[PDB]
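Q:
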Amino acid sequence: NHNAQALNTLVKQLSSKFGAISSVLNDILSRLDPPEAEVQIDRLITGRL
Amino acid sequence: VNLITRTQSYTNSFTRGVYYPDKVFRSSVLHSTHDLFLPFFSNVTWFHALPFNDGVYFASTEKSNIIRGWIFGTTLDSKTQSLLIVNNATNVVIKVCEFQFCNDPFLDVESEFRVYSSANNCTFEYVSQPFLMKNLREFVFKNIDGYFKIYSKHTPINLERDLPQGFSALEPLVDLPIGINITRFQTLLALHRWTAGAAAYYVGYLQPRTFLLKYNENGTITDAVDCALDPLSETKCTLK
Amino acid sequence: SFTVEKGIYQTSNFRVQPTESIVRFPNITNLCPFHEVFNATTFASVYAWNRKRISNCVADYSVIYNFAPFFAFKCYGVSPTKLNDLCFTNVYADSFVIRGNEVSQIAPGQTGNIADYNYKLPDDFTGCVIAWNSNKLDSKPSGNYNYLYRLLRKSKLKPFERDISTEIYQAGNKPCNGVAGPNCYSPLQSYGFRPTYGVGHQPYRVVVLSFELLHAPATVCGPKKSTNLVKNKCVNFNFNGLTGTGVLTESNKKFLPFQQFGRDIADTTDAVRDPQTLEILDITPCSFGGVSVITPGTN
Ligand SMILES: *[C@@H]1O[C@H](CO)[C@@H](O)[C@H](O)[C@H]1NC(C)=O
Ligand SMILES: *[C@@H]1O[C@H](CO)[C@@H](O)[C@H](O)[C@H]1NC(C)=O
Ligand SMILES: *[C@@H]1O[C@H](CO)[C@@H](O)[C@H](O)[C@H]1NC(C)=O
Ligand SMILES: *[C@@H]1O[C@H](CO)[C@@H](O)[C@H](O)[C@H]1NC(C)=O
Ligand SMILES: *[C@@H]1O[C@H](CO)[C@@H](O)[C@H](O)[C@H]1NC(C)=O
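Protein chains in written order, with the numbering used here: chain A, 1 to 49; chain B, 50 to 289; chain C, 290 to 588.
#1: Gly122/B and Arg233/B: beta carbons closer than 8 Å?
#2: Could you tell me the boundaries of the beta strand (DSSP E) in which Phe526/C lies?
#3: Provide the residue span of the alpha helix (DSSP H) that contains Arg43/A, from first to last.
#4: Is there at least one Cβ from chain B nearer than 8 Å to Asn355/C's Cβ?
#5: Within the present structure, is the beta-carbon of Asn137/B separated from the nearest heavy atom of ligand 3 by less than 7 Å?
#6: Below 7 Å on C-beta distance, what does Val305/C contact in chain A?
#7: Is DSSP giving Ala4/A helix, strand or coil here?
#8: If we count the other Cβ atoms within 10 Å of its Cβ and call it buried at 16 or more, is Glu147/B buried or exposed?
#9: Note the first and the last residue of the continuous beta strand (DSSP E) segment covering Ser499/C.
#10: Kindly indicate which residue of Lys425/C, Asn472/C and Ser454/C has the alpha-carbon position closest to the one of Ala460/C.
#11: Can you give me the C-alpha to C-alpha distance between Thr558/C and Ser109/B, rounded to a whole angstrom?
#12: Looking only at its chain, what residues have a beta carbon closer than 8 Å to the beta carbon of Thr318/C, apart from the 5 residues adjacent to it on each side?
#13: Hey, would you say the C-beta of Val176/B is under 7 Å away from at least one heavy atom of ligand 2?
#14: Answer yes or no: the CB of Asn267/B versus the heavy atoms of ligand 5, is any distance below 7 Å?
#15: Where does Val352/C land, buried or exposed, given buried means 16+ other C-beta within 10 angstroms?
#16: Measure from the alpha carbon of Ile143/B to the alpha carbon of each residue in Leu156/B, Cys151/B and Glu174/B, then state which is nearest.
#17: DSSP state of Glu283/B, grouped into three classes?
#18: Could you pull the DSSP bridge partners for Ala348/C from this structure?
#19: Run the CB neighbour count on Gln214/B, radius 10 Å, all protein chains shown included, and call it buried at 16 or more, exposed below.
#20: Kindly examine ligand 1 and report whether one of its heavy atoms sits closer than 7 Å to the Cβ of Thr56/B.
#21: Does the Cβ of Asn407/C lie closer than 7 Å to at least one heavy atom of ligand 1?
#22: Would you say the beta carbon of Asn61/B is closer than 7 Å to some non-hydrogen atom of ligand 1?
#23: Excluding the 5 residues preceding and the 5 following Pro88/B in the sequence, name in chain order all residues of the same chain whose CB lies nearer than 7 Å to its CB.
#24: In chain order, which beta strand (DSSP E) runs of at least 3 residues are fully inside the stretch 551-585 of chain C?
#25: For the beta strand (DSSP E) that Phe216/B lies in, which residues bound it at each end?
#26: I'd like to confirm the pairing. Which residues does DSSP put opposite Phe74/B in its beta bridges?
#27: Can you name, in chain order, every residue of its own chain whose Cβ lies under 7 Å from the Cβ of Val488/C, other than the five neighbours on each side?
#28: CB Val223/B to CB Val93/B, shorter than 8 Å?
#29: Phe360/C and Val496/C: beta carbons closer than 8 Å?
#30: In or out: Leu570/C buried (at least 16 other Cβ within 10 Å) or exposed?
#31: Flag this pair as touching only if the stretch 382-398 of chain C and the stretch 327-345 of chain C have three or more C-beta atom pairs under 8 Å; answer yes or no.
#32: Thinking just about the alpha-carbon of each residue, which of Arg55/B, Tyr264/B and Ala245/B is nearest to the one in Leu156/B?
#33: How would the residue list near ligand 3 read, in chain order, if you kept each one whose beta-carbon is closer than 5 Å to any heavy atom?
#34: Comparing the C-beta of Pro226/B with each C-beta of chain C, is any distance below 8 Å?
#35: Buried or exposed for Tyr438/C, please, with buried defined as at least 16 other CB atoms from any protein chain shown within 10 angstroms of its CB.
#36: Are there three or more Cβ pairs, one per stretch, closer than 8 Å when the stretch 303-312 of chain C is compared with the stretch 570-582 of chain C?
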């Protein structure tokens, strides 16, 4: 039970935005430009770490 | 031209008024959703200008086809737009023209002069298959973010004077991009001509609530839990 | 290190590479009425701004570039050079005429008479603002007074709110009783446009475009061209904006006639329907894993 709960929580944490426009990198890459995507990417990186 | 008198009564809603929130398929899962729903075991009105508030749950069981279409508007005047829905044998017509409605708009059966004096400026018109089709018809209307969402369901029912006990998800019918205010609504009636009959219906109001819905393996919702009804349901929602 | 002891070590990972790409945009061939919004020869006043709704058409932006050189072309939530590839749910267009120096007022989180009493934008606005000079069209030599703006109002304006009331504002305790007496002033002020006016007071035509991203199945896109459909291979796909990579297989899922996508316990996409041919397809991730190296000692 503990192992399954931990893995499920870790997987579910991937859908949080942490203060960005979206929680998916693929759309941000194909919707914005390079000089402004890093600001959104940094928050996701910090949260997932 | 006034031939209608309305009488009021009160009854219990039980667990009725559940609709699919989105267009996402799910199976064998329990999903939590915060949205406008009809609270469980609420206090619905039975009728034999009404405020719209944040959405309306309508229920009918008559087969005489007396009910057909509805009127939605803020001041119910030709100075502002007002949604008009008319259901008929072949099709359904939806308009947003600033009709000059009368005090008691009733169909003549089929001159619309009694319903409204004249038509005028408007942009949206819609024609489709009629919404209507021992039978209970339930409808949910809500206007939000410039969209008029209408959900409906038709179900066979035995001879019962009140709402039955069970579960029936309301599949979406239409989502019209109108974007106007709605404050009051009225029910349209069709009287043969000028006999005056009688009709009855159930009215309830929606509230923002958190629900726990159960999807079967097979594409349908079969159970729901209202998290704010009592401590037991709160515990159920907390434990998922 | 240059020496390795006996054992098994984890070095790196591998993933199967994609084969090709799949595009499944809808096949509607209408053209969105962007041309009608512009060069209409008549633009309403700022206090009563036109609002047009655009949906169910293929949107192209090439006409905008060749329309006219722009005083301002500022897009907030989208890069202006990528609008030819995205797909939106519904488009809103608002056009009017304003003074040259007040262009900066049109922006999220701004203040000013036009900002608070004429036209207010939301803080989370996601769209574009276009402003270009129209001194040669809406500037009478004697003066054009058809363009009016509200000046006095009791309270601010909510985002995307329009007021058309025309009553004598009361700035004092005594009532105006319907006359333009002392302390009582008209709510609307008429602009004065002449060709002799310097830059900063000449009229400017402004068009604001608002999008709706990540919503119900989108309709406003399609400058690109669709492709065929392949299955049982590591391929890239783009279904009406939903982009990804994986393996597409036949699905035994009973989709209701109004659902479009599918999700699981982990809340990730695992099924989709083809817009051109109504058919449910399952999506599976391509193979990936780790690599271990087994070796005795280097000696
Ligand atoms: C419902 O409301 C009415 C008045 O609003 C009240 O008289 C009645 O007791 C309530 N409960 C039921 C079960 O009708
Ligand atoms: C029913 O409504 C449709 C839709 O406008 C209309 O074409 C048809 O004539 C109507 N039928 C009658 C009997 O009026
Ligand atoms: C409808 O609205 C337009 C726009 O304001 C107005 O010109 C017209 O007089 C109104 N009435 C009719 C019958 O068109
Ligand atoms: C609708 O009516 C309400 C109340 O009368 C009013 O506050 C609002 O400005 C009107 N218009 C819209 C678009 O809501
Ligand atoms: C679920 O759907 C399948 C396929 O349509 C069917 O075999 C089964 O009877 C359904 N179960 C229900 C409706 O409870």
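Positions of the beta carbon are idealized from the N, C-alpha and C atoms, including for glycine.
A: The short version:
#1: By 1-based counting over the second sequence, the position of residue 122/B is 73. By 1-based counting over the second sequence, the position of residue 233/B is 184. Cβ distance < 8 Å, so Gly122/B and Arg233/B count as in contact.
#2: Indexing the third sequence from 1 puts residue 526/C at position 237. From DSSP, the beta strand (DSSP E) with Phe526/C extends over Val524 to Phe528.
#3: Position 43 of the first sequence, counted from the first residue, corresponds to residue 43/A. Element bounds for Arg43/A: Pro34 to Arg48.
#4: Counting from one through the third sequence, the residue named residue 355/C turns up at place 66. Judged by the 8 Å Cβ criterion, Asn355/C is not in contact with chain B.
#5: Position 88 of the second sequence, counted from the first residue, corresponds to residue 137/B. No, since every heavy atom of ligand 3 falls outside the 7 Å radius drawn around the Cβ of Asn137/B.
#6: Position 16 of the third sequence, counted from the start, is the residue given in the question as residue 305/C. For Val305/C, there are no C-beta contacts with chain A under 7 Å, since the nearest C-beta of that chain is about 18 Å from it.
#7: Numbered from 1 along the first sequence, position 4 holds the residue referred to as residue 4/A. DSSP, reduced to helix, strand and coil, places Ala4/A within a helical segment of the structure shown.
#8: Here residue 147/B corresponds to residue number 98 of the second sequence, with the count starting at 1. Sixteen is the threshold: when 16 or more other Cβ atoms of the shown chains lie within 10 Å of the Cβ of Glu147/B, as they do, the residue is buried.
#9: Locating residue 499/C in the third sequence gives position 210, where the first residue counts as 1. Per DSSP, the continuous beta strand (DSSP E) segment holding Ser499/C begins and ends at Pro492 to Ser499.
#10: Numbered from 1 along the third sequence, position 171 holds the residue referred to as residue 460/C. Check the Cα spacing between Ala460/C and each of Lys425/C, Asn472/C and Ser454/C: the tightest is with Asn472/C.
#11: As a first step, residue 558/C is located in the third sequence; it is residue number 269 there, counting from the start. As a first step, residue 109/B is located in the second sequence; it is residue number 60 there, counting from the start. Taking the straight line from one Cα to the other gives about 39 Å.
#12: For the purposes of this step, residue 318/C is taken as the residue at position 29 of the third sequence. Closer than 8 Å at Cβ, skipping near neighbours: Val347.
#13: Taking the first residue of the second sequence as 1, we reach residue 176/B at position 127. In this structure, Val176/B has its beta carbon less than 7 Å from a heavy atom of ligand 2.
#14: To locate residue 267/B, count along the second sequence from 1; it is residue 218. Taking 7 Å as the cut-off, the C-beta of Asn267/B counts as close to a heavy atom of ligand 5.
#15: As a first step, residue 352/C is located in the third sequence; it is residue number 63 there, counting from the start. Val352/C is exposed by the Cβ-count criterion.
#16: Reading the second sequence from its first residue, position 94 is the one you call residue 143/B. Check the Cα spacing between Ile143/B and each of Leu156/B, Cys151/B and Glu174/B: the tightest is with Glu174/B.
#17: The residue labelled residue 283/B in the question sits at position 234 within the second sequence. In the three-state DSSP reduction, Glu283/B falls in the helix class (H, G or I).
#18: If you number the third sequence from 1, residue 348/C lands on position 59. Answer by DSSP bridge pairing: none, since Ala348/C is not bridged.
#19: Position 165 of the second sequence, counting from 1, holds the residue named residue 214/B. Using a 10 angstroms sphere on the CB of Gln214/B, the tally of other CB atoms stays under 16, which defines it as exposed.
#20: Residue mapping note: residue 56/B aligns to position 7 of the second sequence, counting from 1. No, the beta carbon of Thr56/B sits no closer than 7 Å to any heavy atom of ligand 1.
#21: If you number the third sequence from 1, residue 407/C lands on position 118. No; taking the cut-off as 7 Å, the Cβ of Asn407/C has no heavy atom of ligand 1 nearer than that.
#22: Mapped onto the second sequence, residue 61/B falls at position 12. The answer is yes for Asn61/B.
#23: Here residue 88/B refers to the residue found at position 39 of the second sequence. Contacts found: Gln256, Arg258 and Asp275.
#24: Look at the stretch 551-585 of chain C and you find these whole runs of beta strand (DSSP E), each 3 residues long or longer: 560-562, 569-573 and 577-584.
#25: Working through the second sequence from its first residue, we reach residue 216/B at position 167. Where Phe216/B is concerned, there is no enclosing beta strand (DSSP E), given that its DSSP letter is neither H nor E.
#26: Here residue 74/B refers to the residue found at position 25 of the second sequence. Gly551/C, per the DSSP bridge assignment.
#27: Against the third sequence, residue 488/C aligns to sequence position 199. Excluding five sequence positions before and after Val488/C, the CB atoms of its chain that fall closer than 7 Å to its own CB belong to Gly389, given in chain order.
#28: The residue labelled residue 223/B in the question sits at position 174 within the second sequence. The residue labelled residue 93/B in the question sits at position 44 within the second sequence. With contacts defined as CB atoms closer than 8 Å, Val223/B and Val93/B fail to qualify as a contacting pair.
#29: Mapped onto the third sequence, residue 360/C falls at position 71. Mapped onto the third sequence, residue 496/C falls at position 207. Against a cut-off of 8 Å, the Cβ pair of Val496/C and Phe360/C comes out as no contact.
#30: Here residue 570/C refers to the residue found at position 281 when the third sequence is read from its first residue. Buried.
#31: Here the stretch 382-398 of chain C lies against the stretch 327-345 of chain C, with 3 or more beta-carbon pairs under 8 Å apart.
#32: What you label residue 156/B is simply residue 107 of the second sequence in a count that begins at 1. Per the Cα distances, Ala245/B.
#33: Counting every residue whose Cβ lies closer than 5 Å to a heavy atom of ligand 3, we get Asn169/B and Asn170/B.
#34: By 1-based counting over the second sequence, the position of residue 226/B is 177. Cβ-Cβ to chain C under 8 Å: yes for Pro226/B.
#35: Indexing the third sequence from 1 puts residue 438/C at position 149. With 16 or more neighbouring CB atoms inside 10 Å of its own CB, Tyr438/C falls in the buried class.
#36: The stretch 303-312 of chain C makes contact with the stretch 570-582 of chain C: 3 or more CB pairs, one atom from each, lie closer than 8 Å.
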